[PDB]
Amino acid sequence: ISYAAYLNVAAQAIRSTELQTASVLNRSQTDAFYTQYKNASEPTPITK
Amino acid sequence: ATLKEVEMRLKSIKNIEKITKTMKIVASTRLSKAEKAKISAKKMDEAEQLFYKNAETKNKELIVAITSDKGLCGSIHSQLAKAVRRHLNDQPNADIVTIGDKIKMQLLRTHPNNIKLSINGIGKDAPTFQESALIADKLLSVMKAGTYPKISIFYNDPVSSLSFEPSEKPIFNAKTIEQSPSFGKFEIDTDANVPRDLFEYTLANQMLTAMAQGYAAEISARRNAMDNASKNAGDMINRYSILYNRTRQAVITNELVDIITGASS
Amino acid sequence: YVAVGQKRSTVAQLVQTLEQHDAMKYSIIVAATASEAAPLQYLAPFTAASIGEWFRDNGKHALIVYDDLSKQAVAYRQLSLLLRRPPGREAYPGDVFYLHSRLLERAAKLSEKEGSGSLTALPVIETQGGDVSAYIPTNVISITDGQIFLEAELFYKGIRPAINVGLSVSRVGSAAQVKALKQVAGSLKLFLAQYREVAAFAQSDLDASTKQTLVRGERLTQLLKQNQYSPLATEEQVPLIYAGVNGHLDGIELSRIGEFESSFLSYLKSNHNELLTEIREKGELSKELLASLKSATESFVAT
Amino acid sequence: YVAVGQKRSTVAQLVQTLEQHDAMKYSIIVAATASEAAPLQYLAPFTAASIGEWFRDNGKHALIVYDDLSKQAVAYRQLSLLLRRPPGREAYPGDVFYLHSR
Amino acid sequence: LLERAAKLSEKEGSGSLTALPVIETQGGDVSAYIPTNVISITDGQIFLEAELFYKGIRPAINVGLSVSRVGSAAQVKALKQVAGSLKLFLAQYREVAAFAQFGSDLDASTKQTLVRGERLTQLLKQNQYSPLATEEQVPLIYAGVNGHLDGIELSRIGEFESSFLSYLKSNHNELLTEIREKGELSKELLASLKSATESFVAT
Amino acid sequence: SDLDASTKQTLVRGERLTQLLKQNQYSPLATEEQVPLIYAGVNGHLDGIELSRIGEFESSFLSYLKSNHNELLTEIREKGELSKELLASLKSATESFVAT
Amino acid sequence: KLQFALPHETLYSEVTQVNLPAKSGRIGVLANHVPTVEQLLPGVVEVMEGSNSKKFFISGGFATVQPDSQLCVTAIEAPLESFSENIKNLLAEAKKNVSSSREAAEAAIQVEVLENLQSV
Amino acid sequence: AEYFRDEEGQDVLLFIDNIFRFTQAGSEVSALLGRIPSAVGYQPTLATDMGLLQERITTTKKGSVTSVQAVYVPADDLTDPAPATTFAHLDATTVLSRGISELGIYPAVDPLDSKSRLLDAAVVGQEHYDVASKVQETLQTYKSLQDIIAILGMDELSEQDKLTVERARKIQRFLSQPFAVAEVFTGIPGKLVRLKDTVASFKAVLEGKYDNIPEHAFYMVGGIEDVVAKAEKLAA
Amino acid sequence: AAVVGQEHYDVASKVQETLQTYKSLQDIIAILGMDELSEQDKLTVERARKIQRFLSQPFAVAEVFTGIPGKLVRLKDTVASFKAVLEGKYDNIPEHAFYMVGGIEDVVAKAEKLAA
C-alpha cells in the first residue's frame, strides 16, 4: 500500500513508559466516515 | 394584541441574543486552539514548500475542498463555494472531493460532474494527520489522483482573526516532480521512488495544512457571525422596545378615559 | 424609622431586632401599620417629620427613614378617590408629586446661623416590577438627591447588600466621604466598572488583561458581601479596601476571601491597634499609615 | 397660507421670507398664532376657507395650505374638554372626524 | 349561570347538564375583564390558536393554554392508557421545537424528539365536520405513542391514518368490536393491536 | 445575502435614481426642464455617470440642454406633450451629454 | 543546521549533528551536506546539538536538505525515553494479533515499531 | 378561627381559598357602592380591606393561627396589582408553575421561584441553610446550563458541569414525590418525609452518594430509603 | 371543500401554510442570514417570496393609477396556475417576473421581457 499509509501506521503503532498526551490519541482517533459519492448518488458511507 | 405580540417576539429575540452571545464567546475560546494548531502546522508545511519552489515544480484536474459538516460558522459554506465556482469555470466536469457537508450541496448544484468522493465527519473533528492519511490513501485508490496531472485544493486561509479569504493551492503529482528540472539539485538514485513517495507524503502534509487553515477560518467565521447576530438582534430589541413603550402609554390613556367616564358619572 | 403599611408582626420583629442590637435608646418608631387607616397613613410621614424638626431645630443630627413612600402613595390614592379628586397619572393622585415633594424637602442641613442642624433622610421606595419607569418612582427619583438601586439578580446571587452600583448614584457623594476612605476607594470604583463590563465576556478567558481584571474584580465583589445585621466600623472598612486596591486579595482563594477578612481584621487588631486608633482619630491616611498598612497586608497575605 | 398654532415670531419670519421672494402680492396669510385664544384657533381654518371660497366663487383657481391641522385638533380638544363633553377616541373629541371633514 | 350545570347524585336521578361556554378574545387578550372572569368560573380552558389554524390543525387547539382540571374520569379507560405519555411527548416537542427553528447541530435526543414530535402534531390534525369514533381513536394513538409512525414519513401520515383504520376495519374488525365493547385494553388486546400496527408499518 | 444579477441591476439603477430625486430647498425647477432629466434616468443613462457625480451631471446637463437646444424645451413649453421627434431628440440629446 | 517540525510543535531550527534512518541506510548530517530528498523510515533517531544528544522515536516522514545548508525534517510524531517497556510488551501481543490480520503492511510496520522499540 | 385562637386558646391552621376571589368580590361591591375603581378596576379600598383580613390573622399570646391563603395570579401576571398587594402581606410565598407541572413534576412548585423568608439561616439552622444554599446553586446552575445543553450541545459541557447536571436531573426528580390525595389524580401512595430526613437526603445527593442510583429511581418517590429501593426495582 | 372542491381547498391550504411559515421565519431571517437557514426552509422561503409576488394582479379601474394595463383572470385559470407554481413548475424564473402581473402565461412572457 501507499508510502504515507506506511508512515501513518507507524504513527498509530507508536500510539500503541507507555502513556502519552491527548493530542497523540486524538491524532490517532477518527470519527469520520468516507462517503463514496458519484454524479449525488452515494454508495453508503463507511467509517474512516 | 399589539402588546402581547410585541412581547412574545421580543422574548424570542432576547433568547436568540443570549444563545448567540454564549456561542460567540465559546467560539473565541475554541478559536485560540484552532489558530494555535495552524501556526505549527504551517511552519511544518513551509519547509516542504521550500523544496517545491527550489525544484521549480510548476504543476484532468482534481479539486478538493475543505469545510465543516457544521453550520453557523459564517458564510464559509458559500464563500468557499464561490471561490470554487470561479475555478469551476476552469473545468466544469472536474471531480470535487468534498471534506465537509455544507459546501458539498452548493458545489453539487454547480456541476453534477463534481461529487464522486466525499468525506463526512471531518467537520466535527480537529485537524489530525491520521485523517489526512486515510483520505490520501482513499484518494489515490478511488480518484486515481496521481493520474490527474493537476490537483487543486480549496480551503479558507484565515487571513486575520476577524477575516477569512477563500484560497486554493496546487498539489504536485508524482508526474510533476519527475519533469520539474531543478529537482536535480536535490538527489535520489532509484533506491527509492521519491516522486512516488514524496507525492503521497505531501498529499497528506499539504492536506493537513489546508485543514488547519480551514479549521481556524471556520471558528473565526463562527465568532464573526455570532457577533454580527448580537448587533442585528439588538436593533430588533430596540425597535420592539419603542413599540412596547408606545403600546404601554396607550393603555394608560384608555384607563384614564375609563376613569374620566367615572368622573362623568 | 417610619413604618408605613407594615404589618404589626413585621414591626414587632423590627422592634425586637432593635432591642436585640440594643438600639432602642435612640430609636423612635412612628407607626402606621398595615391595619392603621389611610388617613393615619396620610399623616404618618408628616407626623414623623415633625418629630424630626425638634431634633433638627435643636441643632443635633438624626436620620429619618421613610419606609416606604410607595405605600404612602396608595393611601393617598385611596384618600383622594374617596374625596372624589380625579386620579392622576398611573391612577395615583395628580398632586402626589406635591405631597412627596413637601415631605422630602422637610429634610435638611441647616445654616450655621441655624446651628447647622441635620435631619438626614433616606426614603425607601419598593419597585414592584423593578420599573423605575413607573410614575411614583420617576417623581421621587427626580426629587431625591441620589438613589440606590438594588437589583434582584445580585440578591439571588447572594450578594447582600444587593446594591447594583451602576444604578446607584449620589448627588452629594464625595463631599460626604471620609478622607481616608476617599483615598483608598477612587480606584475601587474604576476596578468594579471594568469588572462589570468584562463579566459579560467571561461566559471566555482571552486577553491577559481581561483575566487579570476578572481576578481583581471577582475577589472585590466577594469582599463587598456582608452578612445582614452585622455593621462595620470605618476603621476596619479602610484596611480591607486597601488590600483589594493593591490587589493582594488576588492570590487569596475566592472561598477564602471571607476567612481572610475576619482573620485580617483580627490580625490588624492584634498587631496594629495603633493603626486602627490612628485611622479613627486622623480620619485620613498619612503616607506612613499607608506604608505600614502595606507591610501588614503583605504579612497577613503571606499567612 | 394658514398658519395655525405657530409662534408669532416664526410667522413674521415667514412673512418676511415671502416678501423677500416678493410673493406676498399674490398671496394672503391668515394667522392664528399659539398665543391667540384656543376657540379662535378652532374657528381659524373655517374662516380661512371662507376667504378661499370668495376667490373660488369668482371662478378663479386658488390654493389653501392649512399648516398645521394637527394644532387645530389640539385646539378643538381644548374646546371640547372645556365644554365638558366626554373625550373621544385617543382623548381627542368624538366630533373630531366631523370637524376635519366639514 | 354556569353553576347551574352539574352532575347530580343518584338520589337526584343522576342528571347532568354539561356546559360549553364560548368566549371571543379581542386580540387574544385573556386579561380582559370578561375573559378573566370566565376563566375562573370554568373547570377547563380549551384555548384555540389562530397561528396553528393556519399551520393546518383545523380545528387547532393550543394544548399549552388548554387545561381540563377535572381531567380523566370521563376519559375512556383504554384511551387513558394509550395517551399517557402523549402529553409528555408533546411537552418535550414544544421545548425541542423552539430550539429546532434555530436549526443548530442537534443533540441526538433532541432530534429523536423532533422527528417524533413532528409526526405527532400531524397525527393530531383534525378535519372539520367529521368526528371520529373513540374505538378508532384508540388505534391511532397506540400506533403513534408506540412510535410505529415516528419512522413513517411526515407527508404520508395523513394517508396512513385513513388507511390504517380501513385496514383494521377489514382485518381486525374483531379487535375493534372488543375496544368498543370493553373500553380498557387487556394485555392480549394490546399485543394483538401491536401485531396489527406492526404489520401496517410497511402497510 | 446573495444578490441575483437582475436584483443587482435594479439596485444599481435605484441608487442612481435616488441621487436624481434630490432637490435643493428653495430652488424650484421648470416643468420643461424636468422632462429631459427624467428621460435620462428612466432610460438608464445615469449608469453613465457614477453616483457621486450625478449631481454635477444634472446641472451640467441642464446647462447643456439650454445651450444645445432650448428649442426642445420651448416645444415642451408650448406642446406639453412629447412627440416622436421630441422623444428622439431627447434620446439623441441625452446620449450626447451623457458621453461628455 | 536542523529544522525539525511536527504538526504540534517545531522542535528545531544551530543543531550540530543529526542522525537519521533513511532509505539510503543511515545518514549523518553535519552543517553543509549535499542537497538530497530522503524518506525517513520508522525510526530510532538521534539529534545532537553539541555532544548533547536527544533520542527520538519517529513514525517516519521526510527529510529534504534545502540548498541553503539546512536539513528540513518534517515528521508526524516524535520521545524515545517516553516510548521506552510495558508498551513494548503490548506491542508484542498486538504483533501476534496483527500477524494474521493491507494487513501485511500493517504487520510489517507493527513488527518494525516493535523491533525499533526493542532496540531501545 | 379567632374563636379557636382566642377562646379555645388552641393553635389553628387556617386555610382560605382563593383570595383573588376575595379581591374580585370586593372590586364588584366597590363599583356597586359607586366608589371610583383604582388600577385594573380594583377597588380603591383594596389595600385596607386586604389589610384588615391579613392583620386579623396573626400569632398572638392567646394562640397562634397559621394561614395558608391561596392566590390566583390572573394570566400568570403578578405585576397585576391584586397579587402584588397580597404579596406584601404574606410571610411565606410559594410559587406553583405550569411548566414544572407539565414536566410531570407534582408538586408543581417551582423551587427557585418560591421564596420563604423563613429560610433565614439561624431559624432553620446552619446545616439546613447551607445544604439548601447548595441545592439552590446546583439547580440554578442546571437551569443556566439547560440553554447550553439544548442548542450548543450536551457534550461541550465540562466534566464538572456534567456531574452538576446529572445530579440536578436526579435532584429535580427527587423533588417529585407522590401525594396521598393524588392516588385519585395518579395512584401512587404519598410519602410524609421527616424534616431531618429531607435535609439528610439532599446532602447525600449533592455529595453524589447516590449517583449510583438511576435518575428515574428518584422520580416520583419519597425519601432516600425509597430511592434506594426503587433502584433495585429498576434493576430488576 | 364541500363548496369549492377538495382540489381548490388543497391548493389554498398549501398557500396558507407556506405563507405562514414565511411570516414565521421573518424574525430569524433578520437576526441570522437567510442563507444561514435550513435547506428545506430556503426552498420554502424562495417559494413563498414567489407566492407573495404572485398574489399581485393589476386592477382594471385603477389601470390608470397603477399605470399598468389591468389584469382580470378566470377563477378556473387561477386554481390551475397556483397549483403549478406550488409544484414548483414555474419555479426557475425571476421573482420579479411574478411581481405586479397577472396569470402564469404572463409570467412566462415577462420572463422573456426580463431576459432581454
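Residue numbers (our numbering), protein chains in the order written: chain A, 1 to 48; chain B, 1001 to 1265; chain C, 2001 to 2303; chain D, 3001 to 3102; chain E, 4001 to 4203; chain F, 5001 to 5100; chain G, 6001 to 6120; chain H, 7001 to 7236; chain I, 8001 to 8116.
Using N, Cα and C, we set each Cβ at its ideal position, and we do this for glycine too.
Within-8 Å CB hit, residue i to chain E
| i | result |
| --- | --- |
| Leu-8086 of chain I | no |
| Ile-1013 of chain B | no |
| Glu-7102 of chain H | yes |
Exposure label - residue i; buried when at least 16 CB within 10 Å
| i | result |
| --- | --- |
| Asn-2139 of chain C | buried |
| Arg-6026 of chain G | exposed |
| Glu-2261 of chain C | buried |
| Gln-2006 of chain C | buried |
| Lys-38 of chain A | exposed |
| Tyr-1052 of chain B | buried |
| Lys-1138 of chain B | buried |
| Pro-7037 of chain H | buried |
| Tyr-2066 of chain C | buried |
Below-8 Å beta-carbon distance, residue i vs any chain I residue
| i | result |
| --- | --- |
| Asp-5047 of chain F | no |
| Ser-5067 of chain F | no |
8 Å Cβ cutoff, residue i in contact with chain B
| i | result |
| --- | --- |
| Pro-45 of chain A | yes |
| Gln-20 of chain A | no |
| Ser-2187 of chain C | no |
| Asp-7147 of chain H | yes |
| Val-6029 of chain G | no |
Residue i: contacting residues in chain K (beta-carbon distance under 8 Å)
| i | result |
| --- | --- |
| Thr-7023 of chain H | No chain K appears in this structure, whose protein chains are A, B, C, D, E, F, G, H and I. |
Neighbour flag for residue i against chain F, beta carbons, 8 Å
| i | result |
| --- | --- |
| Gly-8005 of chain I | no |
Strand pairing of residue i, partner residues [DSSP]
| i | result |
| --- | --- |
| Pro-6042 of chain G | G:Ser-6059 |
| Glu-6049 of chain G | G:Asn-6052 |
| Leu-2063 of chain C | C:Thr-2120 |
Cβ of residue i within 8 Å of any chain D Cβ
| i | result |
| --- | --- |
| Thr-1261 of chain B | yes |
Residues near residue i by beta carbon distance below 6 Å, same chain, minus five either side
| i | result |
| --- | --- |
| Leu-3018 of chain D | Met-3024 |
| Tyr-2242 of chain C | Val-2184 and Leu-2293 |
| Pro-1092 of chain B | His-1111 |
Proximity test, Cβ basis, 8 Å: residue i and chain C
| i | result |
| --- | --- |
| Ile-1019 of chain B | no |
Residue i at chain G interface by Cβ criterion, 8 Å
| i | result |
| --- | --- |
| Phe-1129 of chain B | yes |
| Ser-23 of chain A | yes |
Chain A contact for residue i (CB, 8 Å cutoff)
| i | result |
| --- | --- |
| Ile-1103 of chain B | no |
Same chain, Cβ closer than 7 Å to residue i, five either side skipped, listed in chain order
| i | result |
| --- | --- |
| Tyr-2076 of chain C | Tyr-2042, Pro-2093, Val-2096 and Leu-2099 |
C-beta neighbour in chain H for residue i, strict 8 Å
| i | result |
| --- | --- |
| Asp-4043 of chain E | no |
Proximal residues, the segment 3083-3097 of chain D versus chain B, C-beta separation under 8 Å: So the list reads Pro-3086, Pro-3087, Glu-3090 and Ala-3091, given in the order they occur along the chain.
Taking a cut of 7 Å between CB atoms, which residues from the segment 8031-8062 of chain I lie near chain B? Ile-8031, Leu-8032, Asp-8035, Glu-8036 and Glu-8039
Cβ-based contacts, 9 Å cut-off: residues of the segment 1195-1226 of chain B near chain H: Those would be none; no residue qualifies.
If you measure beta-carbon to beta-carbon, which residues of the segment 1040-1065 of chain B are closer than 7 Å to chain G? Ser-1040, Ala-1041, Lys-1043, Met-1044, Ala-1047, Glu-1048, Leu-1050, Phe-1051 and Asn-1054
Output needed in chain order: residues of the segment 2058-2080 of chain C with a Cβ under 7 Å from some Cβ in chain H. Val-2074, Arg-2077 and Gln-2078
Residues from the segment 7043-7061 of chain H in contact with chain C, defined by Cβ distance under 9 Å: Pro-7044, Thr-7045, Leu-7046, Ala-7047, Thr-7048, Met-7050, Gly-7051, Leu-7052, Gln-7054, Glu-7055, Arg-7056, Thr-7058 and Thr-7059
Closer than 7 Å, Cβ to any Cβ of chain H: which residues of the segment 4019-4038 of chain E, in chain order? Listed by position along the chain: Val-4030, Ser-4031, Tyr-4033 and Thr-4036.
With 7 Å as the C-beta to C-beta threshold (strictly closer), list the residues of the segment 6094-6115 of chain G near chain A in chain order. Taking 7 Å as the Cβ-Cβ cut-off against chain A, the residues of the segment 6094-6115 of chain G that qualify are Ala-6094, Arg-6102, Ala-6105, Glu-6106, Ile-6109, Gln-6110 and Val-6113.
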